[PDB]
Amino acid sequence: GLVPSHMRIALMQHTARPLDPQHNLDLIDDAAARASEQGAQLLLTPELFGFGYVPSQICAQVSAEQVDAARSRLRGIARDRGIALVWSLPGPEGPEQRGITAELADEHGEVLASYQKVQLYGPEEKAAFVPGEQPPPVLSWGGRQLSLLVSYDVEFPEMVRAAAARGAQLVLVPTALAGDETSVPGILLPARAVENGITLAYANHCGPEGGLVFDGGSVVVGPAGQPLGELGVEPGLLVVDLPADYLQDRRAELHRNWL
């Protein structure tokens, strides 16, 4: 609609082609343009979209120079489409030393924050990538505190609590969820929102990619655990206007000893 809320976000849900960054970044540019036209101020895009979700092939075939070229292209998209952008690429080190990352650029193309996925999923990711060792970043943008996590991270309450403990209000999550795993968006995401009093945005692939059929189901969940908007299984651009004191009450000095 007309702007009702002083923050409008977009999530891109699409299918990537393995090892075809020109194609996949063309898709991200198209979504950035369309989101900007609709008055969105930020676009969230899915995990590893630029090269496809193909961990073993990214480690065998995708060089650090190719990563950097993709990163430069995405910074340029942010700037040229005049929209903040969250993307997810391999990290900048060599193939054997890098992780899976998420980065936020603002509408000027400045990179505000970089995060390396802490919780790798399965043996293919753990062979292809180095896990992150740093907590999620939290930063002011657009009138709220934003944070980043990547896919499997959000399934751990600890990871979302780590962001919320820093002050996060809006947690943005590139993902790549296949296998009709309804429990993640259906059961875990609502709880992550409620148990911290935060909003979460979850941007997935959909369709046939890299040997898997991704679930779609991209969603923005508010602090009551309610979907503010959601997609189905097909490509789409989700645009959402955003409007007990667990964080204080938690006995963190005991909890930390009991994990």
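Residue numbers here begin at 1 and follow the sequence given.
**Q** In this entry, is the chain continuous from residue 4 to residue 5, or are deposited residues missing in between (none, 1 to 3, 4 to 9, 10 or more)?
**A** 1 to 3 residues are missing.
**Q** Going by the B-factors listed in the PDB entry, is the mean over the C-alpha atoms higher for 38 to 46 or for 56 to 64?
**A** If you average the C-alpha B-factors of 38 to 46 and of 56 to 64, the larger mean comes out for 56 to 64.
**Q** Would you tell me which stretch averages the higher CA B-factor in the PDB entry, 6 to 14 or 21 to 29?
**A** Mean C-alpha B-factor is greater for 6 to 14.
**Q** Could you say which of 146, 164, 127, 104 has its CA atom at the highest B factor, as listed in the PDB entry?
**A** Among 146, 164, 127, 104, the highest C-alpha B-factor in the entry belongs to 127.
**Q** Using the temperature factors of the C-alpha atoms in this entry, rank residue 141 within its chain: lowest, middle or highest third.
**A** According to the entry, residue 141 has a C-alpha B-factor in the chain's highest third.
**Q** Relative to the other modelled residues of the same chain, rank the CA B-factor of residue 90 and answer lowest, middle or highest third.
**A** Its C-alpha B-factor belongs to the middle third of this chain's values.
**Q** Split into thirds by Cα B-factor across the chain's modelled residues, where does residue 157 land: lowest, middle or highest?
**A** It falls in the bottom third of the chain.
**Q** Residue 215: which third of its chain by C-alpha temperature factor?
**A** For residue 215, whose C-alpha B-factor we compare with every modelled residue in the chain, the answer is the middle third.
**Q** Going by the entry, which third of its chain does the Cα temperature factor of residue 227 land in?
**A** Highest third, going by the recorded CA B-factors of the chain.
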